[PDB]
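Colleague: Kindly return the folded structure for what I paste below:
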Amino acid sequence: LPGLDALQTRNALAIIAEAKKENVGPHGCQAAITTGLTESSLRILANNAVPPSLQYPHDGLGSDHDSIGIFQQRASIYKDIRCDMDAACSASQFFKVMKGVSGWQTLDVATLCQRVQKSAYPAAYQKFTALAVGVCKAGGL
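Modeller: Numbers count the residues shown, from 1 in each chain. Below is the structure in question.
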């Protein structure tokens, strides 16, 4: 997919397929891809502060609080570690929260990412929104 390496691509393809399953369209796909790029560079990251995360396949390690997976979901909040460590399932968790945001379908993508993620660094998402448009287009959204 444009602008991604092969490892990022396998993760993005799983996210895109889940976006289609959940019927969230280009806009929803863009929010998930932007978020994954921003949080993990589209990598399923385990975390030694969340020991069960190490039992699932992972692309690398992260050391941000108790965040795990592509979306850096905090294990104290998103307690299903297996789900957090799966590209599609972790994306589904993102999409379900996203769909609770009134007007998500047209809300500025970087803003929407922040509504879902409650990041300390909301401006960070803006760096990846343009790339996300292209990734999602290439994937059929």
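Colleague: What's the separation between the residue of the chain most remote from its centre and residue 77?
Modeller: Here the centre of the chain is the reference, and by Cα atoms, centre = their mean the most remote residue is residue 51, at 21.0 Å. According to Cβ to Cβ, to the nearest Å, residue 51 and residue 77 sit 17 Å apart. Where C-beta positions appear, they are placed from N, C-alpha and C, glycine not excepted.
Colleague: Tell me how far residue 49 lies from residue 33.
Modeller: Computed with Cβ to Cβ, the distance linking residue 49 and residue 33 is 26 Å.
Colleague: where's residue 43, which helix or strand?
Modeller: Take DSSP states H and E as the rule and residue 43 turns out to sit in neither a helix nor a strand.
Colleague: excluding its backbone neighbours, what's nearest it?
Modeller: residue 59 (4.1 Å; Cβ to Cβ, 6 or more residues apart in numbering).
Colleague: burial measure for that neighbour, as a count.
Modeller: For residue 59, the number of neighbouring residues by other Cβ atoms under 10 Å comes to 18.
Colleague: Please report how far residue 2 lies from residue 137.
Modeller: Distance of residue 2 to residue 137, computed by Cβ to Cβ: 8 Å.
Colleague: what about the strands in the protein?
Modeller: Applying DSSP state E to the chain gives strands spanning 45-46, 60-61, 67-68, 73-74.
Colleague: Including mean neighbour count and distance to residue 20, could the ones you listed go into a markdown table?
Modeller: Shown next, in a markdown table, are the strands of the chain (neighbours: other Cβ atoms under 10 Å; distance: least, Cβ to Cβ, whole Å):
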| stretch | mean neighbour count | distance to residue 20 |
| --- | --- | --- |
| strand 45-46 | 22 | 25 |
| strand 60-61 | 12 | 27 |
| strand 67-68 | 27 | 25 |
| strand 73-74 | 22 | 21 |
